[PDB]
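Okay, structure first, notes after.
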Amino acid sequence: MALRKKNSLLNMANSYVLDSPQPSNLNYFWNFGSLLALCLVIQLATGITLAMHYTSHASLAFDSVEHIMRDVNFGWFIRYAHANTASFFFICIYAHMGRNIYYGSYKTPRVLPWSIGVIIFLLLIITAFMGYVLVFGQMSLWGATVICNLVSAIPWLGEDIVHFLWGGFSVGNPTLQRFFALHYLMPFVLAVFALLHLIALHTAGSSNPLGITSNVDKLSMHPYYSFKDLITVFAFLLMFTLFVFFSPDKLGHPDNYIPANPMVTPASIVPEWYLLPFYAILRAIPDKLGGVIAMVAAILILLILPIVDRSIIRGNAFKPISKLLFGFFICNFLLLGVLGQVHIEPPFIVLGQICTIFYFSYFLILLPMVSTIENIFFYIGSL
Amino acid sequence: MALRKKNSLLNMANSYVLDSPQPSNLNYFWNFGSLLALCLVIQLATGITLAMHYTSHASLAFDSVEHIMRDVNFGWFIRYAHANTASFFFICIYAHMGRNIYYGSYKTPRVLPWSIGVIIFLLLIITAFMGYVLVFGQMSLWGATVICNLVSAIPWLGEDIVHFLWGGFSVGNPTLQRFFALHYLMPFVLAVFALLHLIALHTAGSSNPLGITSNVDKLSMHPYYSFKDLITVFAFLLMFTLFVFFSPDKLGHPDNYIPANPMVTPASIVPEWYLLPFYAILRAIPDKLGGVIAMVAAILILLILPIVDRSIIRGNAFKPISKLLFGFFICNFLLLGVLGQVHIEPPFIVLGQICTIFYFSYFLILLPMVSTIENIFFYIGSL
Amino acid sequence: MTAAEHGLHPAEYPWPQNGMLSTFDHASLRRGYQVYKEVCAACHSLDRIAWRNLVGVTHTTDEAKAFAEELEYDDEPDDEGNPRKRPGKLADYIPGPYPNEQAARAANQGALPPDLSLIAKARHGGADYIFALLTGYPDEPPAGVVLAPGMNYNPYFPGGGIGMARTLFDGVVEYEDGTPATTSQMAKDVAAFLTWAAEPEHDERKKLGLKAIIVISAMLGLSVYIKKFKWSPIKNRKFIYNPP
Amino acid sequence: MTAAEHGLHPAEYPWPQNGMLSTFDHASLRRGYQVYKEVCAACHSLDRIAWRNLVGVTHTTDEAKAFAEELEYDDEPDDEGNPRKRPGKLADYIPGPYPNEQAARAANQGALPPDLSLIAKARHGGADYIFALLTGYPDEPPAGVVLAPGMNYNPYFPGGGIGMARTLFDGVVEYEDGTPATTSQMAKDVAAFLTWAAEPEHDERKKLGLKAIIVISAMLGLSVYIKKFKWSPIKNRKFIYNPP
Amino acid sequence: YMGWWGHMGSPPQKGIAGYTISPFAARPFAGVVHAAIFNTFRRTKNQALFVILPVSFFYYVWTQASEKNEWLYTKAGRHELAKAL
Amino acid sequence: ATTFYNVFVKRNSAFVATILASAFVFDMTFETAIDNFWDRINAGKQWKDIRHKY
Ligand code: HEC
Ligand code: HEC
Ligand code: HEM
Ligand code: HEM
Ligand code: HEM
Ligand code: HEM
């Protein structure tokens with residue numbers, strides 16, 4: 001017996017990266033998983049390095065980030081790599097989730113990797129939100145203020161919880177220092193959950209774009225998917241390079257180059273772009289608590305896809321109506337994103353409410369109806 | 001099939017903490033593994049909490065530790081728990097390693113868990129050394145200075161490496177900020193290696209005090225060893241309580257309550273008690289590079305126990321001469337510890353050299369000789 | 001929001017540094033420092049820039065040491081613990097015009113002139129915003145605009161009423177390189193200088209980016225060849241089925 | 001090393017706080033504050049202690065506010081940005097006698113009197129060392145000892161020659177509670193006070209420790225019963241072997 | 001070298017009958033006083049030399065070294081100290 | 001004993017409820033008991049004992 005199979009430690013690596021049996025027909029949308037692992041490794045390397053030069057005290061935080069930009073050798077690169085990779089992480093995670101929704105990766109027997117996946121997505125949001133506060137510029141402070149005040153909506157104890165999170169009566173030094181400690185920790189928690197969802201997946205293996213079993217026709221993960229992953233790694237690195245070296249601030253807000261000032265409020269307080277659809281959903285509900293519930297539900301509702309999809313077939317490759325519905329759902333999600341950063345003005349107020357209704361009605365009404373009808377069309381149509 | 005066995009995630013937990021088949025005769029020295037896991041969990045909880053209140057900048061570090069002691073609710077407890085648990089971690093790790101050496105846990109088929117164990121021990125040393133610097137008192141600074149200058153002994157590049165570690169020309173702010181980031185990281189690395197050595201162990205299972213197979217007579221890990229672990233958990237917590245609440249500074253150095261001063265050198269610079277035997281070994285060799293090599297070799301030599309132990313029998317329970325030699329080896333290790341903190345004066349200079357020779361001769365001469373002779377006495381004596 | 005509340009959007013000017021392969025024009029940077037020093041520095045600090053930062057960008061080591069040595073900085077106390085001053089060194093930061101915010105506001109009718117070290121990154125528009133603002137004070141406000149007291153009309157500034165008056169007029173500076181100091185020229189130079197102050201890694205970054213682009217592109221091409229090479233047995237596979 | 005190089009080891013005095021279940025004597029703490037304030041504070045700071053810290057330990061809210069309000073602290077600048085002073089508040093730290101180290105050394109023949117906030121933890125011996133040092137200045141140095149200029153002989157201090165002269169003499173303080181202020185009494189009170197300053201959680205910590213000891217001990221006892229209960233089928237197992 | 005329940009890797013077992021009683025049927029502290037006194041005494045007596053000999057030797061070595069070092073740094077030990085350095 | 005077993009112990013839901021309620025009671029009573037004992041062994045020493053003079 002080969003050592004890679006005989007030795008228990010080597011055999012664990014072997015089972016995931018080398019002999020792992022994969023479908024022979026994965027398309028390029030199966031490459032986002034390895035790009036997400038790459039983003040995670042970049043964020044750990046750049047993040048730990050920034051931690052060596054950053055100071056979490058509110059009197060020094062913003063200046064420690066300027067010191068990184070100006071004095072630390074290659075500090076500008078490490079800082080911009082960390083800031084831009086946070087955006088790339090969300091592009092890859094939305095692509096990975098969209099792949100999963102289009103191809104029915106949430107269906108049995110892959111409910112458990114999908115459900116742990118939903119938690120990974122929540123941890124990424126928290127991680128990224130706390131890291132953005134660490135700069136302690138105007139958007140850092142004011143974004144922390146408004147987002148942390150949503151907790152005040154929790155009945156009875158909400159105000160007390162907010163003061164407890166802040167460690168005082170407003171966002172200040174205690175909040176910044178605790179956000180640093182938690183921002184350092186959360187990526188390690190996220191890596192554990194990422195590993196858990198892969199171990200859960202390993203019982204069924206990867207799904208594939210046709211939605212059928214691949215047990216009839218497997219390929220080793222290496223060398224085939226190793227070399228196919230290199231193509232998208234280099235494509236990702238080219239996009240990374242164009243932002244980090246040629247346009248490092250395109251994805252950012254200029255107000256975060258102004259030191260936090262609790263007196264002056266910025267013109268518009270918006271989250272980072274990747275949180276914008278959830279912010280639009282929150283604005284749509286007039287009630288404070290209503291809005292917070294809706295915003296959380298917009299993520300947790302992903303957990304019901306295994307139930308509301310009534311199809312006898314996995315994935316959308318052969319379902320023209322489902323494909324149209326999916327197209328509208330995705331575009332609506334992008335429009336919600338745009339509406340998250342417009343001013344609260346006509347006619348965007350009502351439009352945001354209609355897009356919010358469409359978002360939820362996909363899960364609750366349309367997907368159950370369309371998947372029911374398509375089952376019948378496949379049966380009658382092929383008689 | 002029971003869910004704990006069927007579900008792949010639950011089954012991993014099940015295999016380690018519940019159905020795991022254990023020898024039925026483990027004695028109380030098999031409880032140090034769970035105490036080490038407890039120390040690691042306490043250090044993570046207290047360490048992450050201190051990180052929420054600590055400032056890594058050299059102008060604020062020492063004062064942030066005073067703020068923790070004085071202003072943060074229960075800060076005194078969290079600080080003293082973290083500081084004293086670092087000592088308890090080393091008491092438990094020495095007990096666990098001494099158990100392993102006495103009972104032959106390093107012998108085939110357990111060479112791999114033992115070898116990864118030696119690396120865990122090195123990571124614990126580095127973790128604890130960096131954490132001690134973070135206080136930025138006199139012992140923090142001067143211990144960092146002396147220990148980091150040992151790297152200067154590396155030929156050709158040593159000086160360059162030291163300046164690179166410090167991020168400047170002496171121990172200062174850059175060094176403190178990098179030690180904070182690495183001190184936060186290293187416990188996560190240490191937890192991964194702790195998990196690796198357990199996975200490696202799981203192929204043979206635990207050894208037992210008789211040194212024979214336990215495949216004839218296994219007990220589930222739970223409930224038997226769960227409930228037996230609670231006894232030592234509560235014994236540990238009683239010792240913890242006596243130090244943390246009644247004598248919180250017994251294990252410390254008063255000079256670490258003086259802020260770091262690069263000009264004044266304290267009366268005596270010694271490492272924390274748990275590093276003292278290695279420091280005595282280093283003093284024994286007059287050459288700088290010689291001393292550093294000896295000090296590292298004193299740990300890496302543990303890797304050769306699988307080879308130099310020539311016994312046909314595992315462990316010392318039935319070997320009277322090996323038991324005497326082990327007793328002398330352990331007491332010599334404690335005397336080296338004491339000699340690590342005496343002044344470099346007669347007659348301790350020569351005594352330290354004799355104890356260093358005895359330390360190395362255990363691995364290189366005595367254990368190979370004694371184990372050879374005992375093999376022959378067992379054979380002839382039982383004919 | 002109304003266009004006035006947003007501010008007029010500045011034109012896209014063709015800066016020398018626009019261009020994937022383009023550095024700053026260092027002669028413009030040096031001239032822009034001189035505008036900063038002789039005009040802006042009366043009200044605005046540049047606190048993130050040290051004298052050493054000018055060296056080998058706009059000035060030689062000797063010129064920058066001369067600028068530093070003309071100023072006095074706080075030294076460590078003497079032996080009786082009394083305060084002392086020392087001459088400046090290259091490690092020193094360029095000193096600001098006011099001791100605190102309160103003094104700054106008192107000198108500017110309540111308005112606080114921002115530090116200019118990051119201003120090119122802290123405003124939408126960057127250099128174009130600075131150039132447009134400095135050159136965009138109309139002689140007369142559009143009919144109907146009511147300025148608050150101590151405000152000046154400038155359409156680029158959001159809301160229109162800015163507490164900073166026009167400061168650049170033809171020949172307020174005499175450039176040391178003989179360039180005609182027109183309003184437009186001075187605004188262009190100082191906007192370049194401030195852009196450099198906000199992003200002093202700019203030139204190095206874009207050159208490193210060119211090397212990265214070239215290497216990564218070649219690796220992308222080769223990775224395509226290698227993937228196709230390795231996958232060809234799978235892509236080329238053929239089957240003959242004879243039903244049992 | 002010589003015993004002189006180490007310093008004589010202080011006696012173990014029976015402090016009220018010695019004792020697992022013993023708090024400080026707060027009447028002694030209050031008297032010790034008065035010795036600090038009237039004797040030590042001429043040369044020694046207590047920078048880690050705020051006025052609020054005295055409250056409910058040694059003084060009422062009103063007494064401590066009165067102490068704070070008698071001092072002037074730096075305020076934020078006024079509207080012209082000029083410096084201002086304000087009266088002290090409970091949040092303020094107790095102010096030190098000197099503005100910097102250089103001034104401190106100049107006033108003490110080159111020696112720097114340490115801050116006393118952590119001194120009880122920063123010296124081997126703690127309260128016993130402080131008491132021994134303050135009360136251990138012999139009238140005459142042992143024959144043969146040559147003191148460096150500005151040094152005083154004290155056997156407790158390592159090397160013997162300390163830059164601090166004897167300061168406690170019978171009746172330098174008049175205690176407000178009528179206690180005779182002898183050298184020994186004042187040294188005991190101030191050593192208690194400084195021990196409190198180094199570890200102000202002391203009283204709470206030891207009470208929480210008593211609760212922890214009791215709970216943990218009971219849990220240890222019960223864990224023994226439960227382990228024995230669960231293990232008895234294994235311990236009691238018996239075998240009959242009939243060789244096949 | 002270890003399997004799992006049902007195939008642990010034992011050589012075949014036959015001929016052993018094993019018996020035990022419920023934890024609820026047993027006195028968990030049966031014979032505790034005898035064990036605590038006589039069993040502990042036996043177990044300790046049989047291991048005592050292996051602890052006493054090395055501990056006593058290394059303590060003696062330390063005691064002699066520490067007393068000599070103390071004596072060398074007195075007035076009386078001046079000459080012997082001068083030679084030792 | 002049968003009655004006690006049947007009500008508080010037999011159902012784990014009831015057993016856990018009883019344990020938690022007892023923990024609540026223990027916590028509140030133990031707090032009060034320790035506070036009083038602590039005050040007796042350290043009598044005359046604490047701020048609360050001298051506060052009345054001021
Ligand atoms: C004597 C006063 C004074 C001089 C000279 C001066 N400024 Fe200002 N400047 C101000 C004040 C006051 C403000 C604040 C205006 C406000 O926010 O209403 C300001 C604001 C600015 C702003 C920010 C406008 C914004 O978007 O917030 C920039 C950019 C600027 N100045 C650049 C310059 C440059 C470049 C020069 C000269 C070459 C210059 N200033 C000269 C007083 C001055
Ligand atoms: C007028 C000067 C002066 C007064 C009054 C004074 N000290 Fe000091 N003290 C010093 C100086 C100077 C040193 C430093 C001596 C040295 O290091 O040589 C010092 C050192 C100390 C030390 C530390 C000695 C060591 O181990 O490093 C303690 C404790 C101390 N003083 C406490 C007190 C207390 C308690 C009082 C009064 C109740 C007091 N001092 C009054 C000047 C003073
Ligand atoms: C999933 C992983 C991570 C994500 C998505 C992430 C995201 C972010 C974001 C969005 C910021 C704000 C960046 C900026 O605009 O300047 C940031 C800052 C920071 N992050 Fe992270 N981060 C991650 C991992 C880490 C890790 C592991 C560390 C280790 C400490 C870390 C340390 C920091 C530090 C020190 C900053 C502040 C300095 C700065 O703004 O660049 N991050 N992070
Ligand atoms: C750190 C973030 C993540 C990483 C590193 C990661 C990584 C991966 C990898 C490597 C795979 C196998 C290869 C692939 O199909 O692309 C995979 C599969 C999967 N992931 Fe993720 N993932 C992450 C986040 C998520 C999220 C947020 C979800 C769900 C909301 C998710 C759900 C899944 C599912 C369902 C699969 C199986 C898809 C299939 O093969 O059909 N993952 N992931
Ligand atoms: C194996 C785990 C760990 C060990 C052995 C360890 C050891 C130590 C030691 C010896 C100190 C000096 C304590 C003192 O005298 O005050 C220290 C300080 C510190 N440790 Fe850790 N530590 C561990 C884990 C962690 C972790 C996970 C964190 C997370 C950030 C952390 C954060 C800190 C901080 C902030 C300090 C400085 C504050 C202080 O001194 O108490 N530690 N650690
Ligand atoms: C973070 C530190 C560590 C933790 C949490 C840990 C935990 C454990 C646990 C739970 C076990 C199984 C139970 C037991 O035998 O006690 C074990 C076994 C073992 N450990 Fe460790 N350990 C650590 C460090 C070390 C070190 C430093 C070494 C070696 C130098 C080591 C070598 C071993 C070996 C050889 C075994 C198998 C012993 C046997 O059962 O016969 N471990 N460890």
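For the structure tokens, the naming scheme is as follows: chains receive sequential letters (A, B, ...) according to their order of presentation, residues are indexed from 1 within each chain, and ligands are indexed from 1 in presentation order.
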
Provide as a count of residues only the residues of chain B at most 6 Å from chain A, counting only C-alpha atoms.
5

Just want the residues within 7 Å of ligand 2, written as a PyMOL selection string, counting only C-alpha atoms and all ligand atoms.
chain D and resi 35-36+39-40+42-44+108+111-114+116+119+123+130+134+157+161-165+167-168+187+190-191

Write the residues of the preceding selection, restricted to N, CA and C atoms, as a short mmCIF file (atom, residue, chain, number, x, y, z; two decimals), in the first residue's frame.
```
data_model
loop_
_atom_site.label_atom_id
_atom_site.label_comp_id
_atom_site.auth_asym_id
_atom_site.auth_seq_id
_atom_site.Cartn_x
_atom_site.Cartn_y
_atom_site.Cartn_z
N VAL D 35 -0.28 59.95 55.56
CA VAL D 35 1.17 59.97 55.57
C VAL D 35 1.68 60.19 54.15
N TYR D 36 1.08 59.50 53.17
CA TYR D 36 1.48 59.69 51.79
C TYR D 36 1.39 61.18 51.43
N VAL D 39 3.93 63.53 53.59
CA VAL D 39 5.36 63.24 53.65
C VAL D 39 5.84 62.80 52.27
N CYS D 40 5.32 61.68 51.76
CA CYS D 40 5.91 61.05 50.58
C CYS D 40 5.62 61.88 49.34
N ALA D 42 5.80 64.77 48.57
CA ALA D 42 6.75 65.81 48.20
C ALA D 42 7.70 65.31 47.11
N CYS D 43 8.00 64.01 47.09
CA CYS D 43 8.96 63.53 46.11
C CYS D 43 8.37 62.43 45.24
N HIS D 44 7.29 61.79 45.69
CA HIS D 44 6.85 60.58 45.02
C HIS D 44 5.46 60.80 44.44
N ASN D 108 16.59 65.78 43.71
CA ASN D 108 16.93 64.70 44.62
C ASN D 108 18.35 64.23 44.35
N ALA D 111 19.01 61.29 42.07
CA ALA D 111 18.23 60.07 42.24
C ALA D 111 16.80 60.29 41.77
N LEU D 112 16.18 59.25 41.22
CA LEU D 112 14.82 59.46 40.79
C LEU D 112 13.86 58.74 41.73
N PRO D 113 13.01 59.43 42.51
CA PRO D 113 12.08 58.74 43.40
C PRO D 113 11.03 58.03 42.56
N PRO D 114 10.86 56.70 42.68
CA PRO D 114 9.90 55.99 41.82
C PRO D 114 8.46 56.39 42.16
N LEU D 116 4.81 55.45 43.33
CA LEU D 116 4.61 54.47 44.38
C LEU D 116 3.39 53.58 44.14
N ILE D 119 4.75 50.01 43.76
CA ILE D 119 5.96 49.68 44.49
C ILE D 119 5.80 48.45 45.38
N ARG D 123 8.63 45.19 44.38
CA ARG D 123 9.80 44.85 45.18
C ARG D 123 9.51 43.55 45.90
N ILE D 130 8.63 47.70 52.46
CA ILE D 130 8.43 49.13 52.63
C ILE D 130 8.57 49.47 54.11
N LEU D 134 11.64 51.90 55.64
CA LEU D 134 11.34 53.21 56.20
C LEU D 134 11.81 53.30 57.65
N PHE D 157 18.16 48.12 51.65
CA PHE D 157 18.26 48.49 50.27
C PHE D 157 19.48 47.80 49.66
N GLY D 161 23.29 51.76 50.03
CA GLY D 161 23.35 53.20 49.94
C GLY D 161 22.16 53.70 49.15
N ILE D 162 21.22 54.35 49.83
CA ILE D 162 20.00 54.73 49.16
C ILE D 162 19.97 56.25 49.06
N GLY D 163 19.42 56.77 47.96
CA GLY D 163 19.37 58.21 47.80
C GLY D 163 18.26 58.89 48.60
N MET D 164 17.42 58.12 49.31
CA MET D 164 16.32 58.70 50.05
C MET D 164 16.77 58.75 51.50
N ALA D 165 16.64 59.89 52.16
CA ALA D 165 17.05 59.95 53.55
C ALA D 165 15.88 59.49 54.41
N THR D 167 12.77 59.91 56.59
CA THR D 167 11.75 60.94 56.51
C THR D 167 10.71 60.78 57.62
N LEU D 168 10.57 59.58 58.19
CA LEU D 168 9.56 59.42 59.22
C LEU D 168 10.19 59.59 60.59
N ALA D 187 4.95 54.17 59.46
CA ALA D 187 5.49 53.28 58.47
C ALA D 187 4.50 52.15 58.22
N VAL D 190 1.49 53.66 56.14
CA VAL D 190 1.78 54.00 54.76
C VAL D 190 2.09 52.73 53.96
N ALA D 191 2.71 51.74 54.60
CA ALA D 191 2.97 50.50 53.90
C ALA D 191 1.66 49.79 53.58
#
```

Residues at most 12 Å from residue 82 in chain E, counting only C-alpha atoms, excluding those fewer than 3 positions away in the same chain, as a PDB file with N, CA, C and O atoms, in the first residue's frame?
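File produced: result_35.pdb:
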```
ATOM      1  N   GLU B 345      28.248  31.890  39.473  1.00  0.00           N
ATOM      2  CA  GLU B 345      29.244  31.961  40.529  1.00  0.00           C
ATOM      3  C   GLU B 345      29.693  30.552  40.884  1.00  0.00           C
ATOM      4  O   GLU B 345      28.985  29.582  40.613  1.00  0.00           O
ATOM      5  N   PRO B 346      30.884  30.370  41.493  1.00  0.00           N
ATOM      6  CA  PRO B 346      31.234  29.066  42.052  1.00  0.00           C
ATOM      7  C   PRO B 346      30.317  28.715  43.219  1.00  0.00           C
ATOM      8  O   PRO B 346      29.847  29.600  43.924  1.00  0.00           O
TER       9      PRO B 346
ATOM     10  N   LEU E  72      31.500  31.262  50.287  1.00  0.00           N
ATOM     11  CA  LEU E  72      32.531  31.889  49.483  1.00  0.00           C
ATOM     12  C   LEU E  72      32.330  33.402  49.441  1.00  0.00           C
ATOM     13  O   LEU E  72      33.272  34.134  49.164  1.00  0.00           O
ATOM     14  N   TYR E  73      31.083  33.857  49.638  1.00  0.00           N
ATOM     15  CA  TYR E  73      30.758  35.269  49.522  1.00  0.00           C
ATOM     16  C   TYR E  73      30.640  35.918  50.893  1.00  0.00           C
ATOM     17  O   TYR E  73      30.040  36.979  51.024  1.00  0.00           O
ATOM     18  N   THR E  74      31.207  35.268  51.908  1.00  0.00           N
ATOM     19  CA  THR E  74      31.408  35.912  53.195  1.00  0.00           C
ATOM     20  C   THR E  74      32.844  36.418  53.258  1.00  0.00           C
ATOM     21  O   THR E  74      33.609  36.179  52.328  1.00  0.00           O
ATOM     22  N   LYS E  75      33.162  37.146  54.338  1.00  0.00           N
ATOM     23  CA  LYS E  75      34.495  37.640  54.655  1.00  0.00           C
ATOM     24  C   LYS E  75      35.472  36.473  54.777  1.00  0.00           C
ATOM     25  O   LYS E  75      36.585  36.521  54.262  1.00  0.00           O
ATOM     26  N   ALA E  76      35.040  35.445  55.516  1.00  0.00           N
ATOM     27  CA  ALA E  76      35.823  34.253  55.796  1.00  0.00           C
ATOM     28  C   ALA E  76      36.204  33.520  54.510  1.00  0.00           C
ATOM     29  O   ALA E  76      37.235  32.848  54.471  1.00  0.00           O
ATOM     30  N   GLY E  77      35.377  33.655  53.463  1.00  0.00           N
ATOM     31  CA  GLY E  77      35.584  32.900  52.235  1.00  0.00           C
ATOM     32  C   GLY E  77      36.296  33.698  51.144  1.00  0.00           C
ATOM     33  O   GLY E  77      36.287  33.288  49.981  1.00  0.00           O
ATOM     34  N   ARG E  78      36.882  34.837  51.533  1.00  0.00           N
ATOM     35  CA  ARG E  78      37.488  35.797  50.624  1.00  0.00           C
ATOM     36  C   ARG E  78      38.558  35.146  49.760  1.00  0.00           C
ATOM     37  O   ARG E  78      38.644  35.406  48.560  1.00  0.00           O
ATOM     38  N   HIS E  79      39.416  34.369  50.426  1.00  0.00           N
ATOM     39  CA  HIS E  79      40.631  33.859  49.822  1.00  0.00           C
ATOM     40  C   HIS E  79      40.295  32.725  48.873  1.00  0.00           C
ATOM     41  O   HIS E  79      40.848  32.643  47.780  1.00  0.00           O
ATOM     42  N   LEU E  85      37.661  32.225  41.423  1.00  0.00           N
ATOM     43  CA  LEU E  85      37.629  33.043  40.220  1.00  0.00           C
ATOM     44  C   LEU E  85      39.065  33.217  39.704  1.00  0.00           C
ATOM     45  O   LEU E  85      39.387  32.672  38.618  1.00  0.00           O
TER      46      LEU E  85
END
```

DSSP alpha helix (DSSP H) residues within chain F, listed as JSON, numbers by chain:
{"F": [2, 3, 4, 12, 13, 14, 15, 16, 17, 18, 19, 20, 21, 22, 23, 24, 25, 26, 27, 28, 29, 30, 31, 32, 33, 34, 35, 36, 37, 38, 39, 40, 41, 47, 48, 49, 50]}

Grab me every residue within 7 Å of ligand 3, counting only C-alpha atoms and all ligand atoms, and send it over as an MDAnalysis selection string.
chainID A and resid 40 43:44 47:48 50:51 54 65 79 82:83 86 89 124 127:129 131:135 180 183:185 187

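CA of residue 330 in chain B to CA of residue 354 in chain B spans 14.8 Å [interatomic distance, one decimal].
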
Extract, using only C-alpha atoms, all DNA, RNA and protein residues at most 6 Å from residue 30 in chain D, discarding same-chain residues fewer than 3 positions from it, and format them as JSON, numbers by chain.
{"D": [27, 33, 58]}

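Candidate residues A:298, A:39, A:171, A:338 were compared for distance to ligand 4, and the nearest is A:39, using only C-alpha atoms and all ligand atoms.
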
Given only C-alpha atoms and all ligand atoms, how would the per-residue table for chain A near ligand 4 read, listing every residue at most 9 Å away with its closest atom pair and distance in Å to one decimal, sorted by chain and number, as a tab-separated table?
```
residue	atom	partner	partner_atom_place_in_ligand_line	distance
A:26	CA	ligand 4	15 (O)	8.5
A:29	CA	ligand 4	16 (O)	7.1
A:30	CA	ligand 4	16 (O)	4.1
A:31	CA	ligand 4	16 (O)	5.2
A:32	CA	ligand 4	16 (O)	5.1
A:33	CA	ligand 4	16 (O)	3.5
A:34	CA	ligand 4	10 (C)	4.9
A:35	CA	ligand 4	5 (C)	7.3
A:36	CA	ligand 4	5 (C)	4.3
A:37	CA	ligand 4	5 (C)	4.1
A:38	CA	ligand 4	5 (C)	7.7
A:39	CA	ligand 4	5 (C)	8.0
A:40	CA	ligand 4	1 (C)	6.5
A:89	CA	ligand 4	2 (C)	8.2
A:92	CA	ligand 4	2 (C)	8.7
A:93	CA	ligand 4	27 (C)	6.0
A:94	CA	ligand 4	27 (C)	7.8
A:96	CA	ligand 4	42 (N)	6.6
A:97	CA	ligand 4	30 (C)	5.2
A:98	CA	ligand 4	30 (C)	8.7
A:99	CA	ligand 4	38 (C)	7.8
A:100	CA	ligand 4	35 (C)	5.6
A:101	CA	ligand 4	35 (C)	8.4
A:103	CA	ligand 4	41 (O)	7.2
A:104	CA	ligand 4	41 (O)	7.4
A:105	CA	ligand 4	41 (O)	4.3
A:106	CA	ligand 4	35 (C)	5.3
A:107	CA	ligand 4	35 (C)	8.5
A:110	CA	ligand 4	35 (C)	6.3
A:111	CA	ligand 4	35 (C)	7.4
A:112	CA	ligand 4	35 (C)	8.0
A:113	CA	ligand 4	35 (C)	5.2
A:114	CA	ligand 4	35 (C)	4.0
A:115	CA	ligand 4	29 (C)	6.8
A:116	CA	ligand 4	29 (C)	7.0
A:117	CA	ligand 4	28 (C)	3.4
A:118	CA	ligand 4	30 (C)	4.1
A:119	CA	ligand 4	27 (C)	7.0
A:120	CA	ligand 4	27 (C)	5.1
A:121	CA	ligand 4	27 (C)	4.3
A:122	CA	ligand 4	27 (C)	8.0
A:124	CA	ligand 4	1 (C)	7.5
A:187	CA	ligand 4	1 (C)	8.8
A:190	CA	ligand 4	1 (C)	6.4
A:191	CA	ligand 4	1 (C)	6.5
A:193	CA	ligand 4	1 (C)	7.9
A:194	CA	ligand 4	1 (C)	5.3
A:195	CA	ligand 4	5 (C)	7.9
A:197	CA	ligand 4	20 (N)	6.8
A:198	CA	ligand 4	17 (C)	6.2
A:201	CA	ligand 4	37 (C)	6.2
A:205	CA	ligand 4	40 (O)	6.8
A:206	CA	ligand 4	40 (O)	3.4
A:207	CA	ligand 4	41 (O)	3.6
A:208	CA	ligand 4	41 (O)	6.1
A:209	CA	ligand 4	41 (O)	8.3
A:211	CA	ligand 4	41 (O)	8.8
A:302	CA	ligand 4	30 (C)	7.6
A:303	CA	ligand 4	30 (C)	8.8
```

Which residues of chain A come within 12 Å of ligand 1, and for each one, what is the closest pair of atoms and their distance in Å to one decimal, counting only C-alpha atoms and all ligand atoms, sorted by chain and residue number, as a Markdown table?
```
| residue | atom | partner | partner_atom_place_in_ligand_line | distance |
| --- | --- | --- | --- | --- |
| A:254 | CA | ligand 1 | 26 (O) | 11.2 |
| A:255 | CA | ligand 1 | 27 (O) | 10.9 |
| A:258 | CA | ligand 1 | 27 (O) | 10.5 |
| A:264 | CA | ligand 1 | 17 (O) | 11.8 |
| A:266 | CA | ligand 1 | 27 (O) | 11.8 |
```
